[PDB]
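Here's a solo chain for you in structure tokens, the form deposited in one PDB entry.
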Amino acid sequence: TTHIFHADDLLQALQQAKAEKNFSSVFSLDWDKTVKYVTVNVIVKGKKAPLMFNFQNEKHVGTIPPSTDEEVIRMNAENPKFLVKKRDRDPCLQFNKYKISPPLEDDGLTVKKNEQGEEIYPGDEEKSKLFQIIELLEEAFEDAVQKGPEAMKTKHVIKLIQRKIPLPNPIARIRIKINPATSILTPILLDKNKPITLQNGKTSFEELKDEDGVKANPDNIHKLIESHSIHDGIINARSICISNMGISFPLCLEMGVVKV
């Protein structure tokens, strides 16, 4: 069965590897097994396996754009002051370094400084743990690329975290994949506000659905996953993609539990 690493164990292993300056102790790119894919393995508490891990209590911040021209027109009719554009990529969960905004000046862009001239940041209790992991995955990923074959050490390395435009709250994006050959949302999506007891005694959650009882799909996803909703789930990070645009380390949602 597919191993899913626990988030606290993965974070700990990554932190320790950084401390030892040996990311290879935890992160391995299996180079030799058009657009190419290499498996991402991590070793955590003994077990080596492709990178799959769980996450909990992560706050999505951001607006997923609508996918259809009908919804685009509707939203622009209700808000003439702004321009909404059709989504061109798969919808994404966006998770910031902090769950609340650092205090910002009136420009809406610079972080405030205190009496001593210190940039004020929220406390550690507001730090997203998933962001902490992705930070370290990105360095493990960059360390592995610079240690890989020469043809790859030269290629453009795409970053996992947007840190600039100099962002006050950096962003990490989790892709909600829609199978392009079927137009069906791949990850199962459940509603945390709809707990349900099953016959086996366990309690789960109903499927995330819109007002009309339609399960989340590419056309209604922007209505169902909205800003400041809370997410648990499992992230799929089992591979890196070597395309003409460079080497990317895609993060995808394997399964989601949404609380809005």
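Take the two forms, superpose them, and find the largest set of C-alpha atoms that agree within 1.5 Å; that set is the rigid core. In this text, residue numbers run from 1 along the sequence as written. Shifts are known only where both forms have a C-alpha.
Omitted here: the form deposited in another entry. The next part is about that form.
- Note: rigid core superposed between this form and the one not shown; among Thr39, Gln56, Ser227, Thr68, the CA shift is 2 Å or more only at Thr68.
- When the rigid core is held fixed, the Cα atom of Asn79 travels 2 angstroms or more between this form and the one not shown.
- When the two forms are fitted on their rigid core, the residues between this form and the one not shown that move as a run of three or more, each C-alpha shifted by 2 Å or more, fall solely in 68-84.
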